[PDB]
Structure formats: structure tokens, C-alpha cells
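Residue numbers (the authors' numbering): 1 to 104.
Backbone N, C-alpha and C define an ideal beta-carbon position, used for all residues, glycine too.
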């Protein structure tokens, strides 16, 4: 019903921690716009090297700054479950999931 709406929890057993479910999709979707051959070639290198979700590779690479190596260092492992460090931690949204409530 479009009045109460009270589920339990929207989480898919695959990845832990937030910022790696919907955002990502949008992230890669947003990062896609701004891309270059250089970074691209690197991204591929990350996949070929590691082989992690491209999107993630694109994020990792970027997150790093644009270093396949640096990325790998992160991709391989990453932050040791850190509370807050690097990057701005803020939430945003226009409504909810990208696409859905449009018409019908």
C-alpha cells in the first residue's frame, strides 16, 4: 500500500556495508559521463589484473586518484574497516531508487 509502507530491511546477501548497492550503480553511471581513454585503459588493467566489478574498478581507481597499482592495493584489500577517513561522508537523494515512480 502507498500509505503505510513498512517492510523489514532492504539488503541483498552479497556485499556488506553501505555505499556498494544502489549508489555504486549511480556512481559508475555518473563517473561514466566523465571518463577518458587513460583511465579507461587503467580500469581494464584493474580488471585484467584483479578482475573485480568494473564499476568497482572504476570507483577504486578514481578513489585512489588514477593509479592501477594504487587501486590494486585498495582493491586487493582496502580500508581496515575505518569509521571515517578520506572522502566526504554525506547522504543524498531525490526520492529513492533510480527509476520506478514515473507514471502508471
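Determine whether the beta carbon atoms of residue i and residue j lie at a separation below 7 angstroms.
i: residue 47; j: residue 27; result: no
i: residue 42; j: residue 61; result: yes
i: residue 31; j: residue 49; result: no
Please determine, among the options, the residue with the shortest C-alpha to C-alpha distance to residue i.
i: residue 74; options: 91, 56, 90; result: 56
i: residue 15; options: 62, 63, 52, 42; result: 52
i: residue 20; options: 6, 54, 7; result: 54
i: residue 39; options: 96, 12, 65, 104; result: 65
i: residue 67; options: 80, 82, 45; result: 45
Start and end of the alpha helix (DSSP H) containing residue i?
i: residue 68; result: 68–76
i: residue 36; result: No alpha helix (DSSP H) contains residue 36, which DSSP labels as neither H nor E.
Among the residues of its own chain, which have a CB less than 8 angstroms from the CB of residue i, if the five just before and after it don't count?
i: residue 87; result: 63
CB-CB under 6 angstroms to residue i, same chain, minus the five flanking residues each way: which ones, in chain order?
i: residue 24; result: 55
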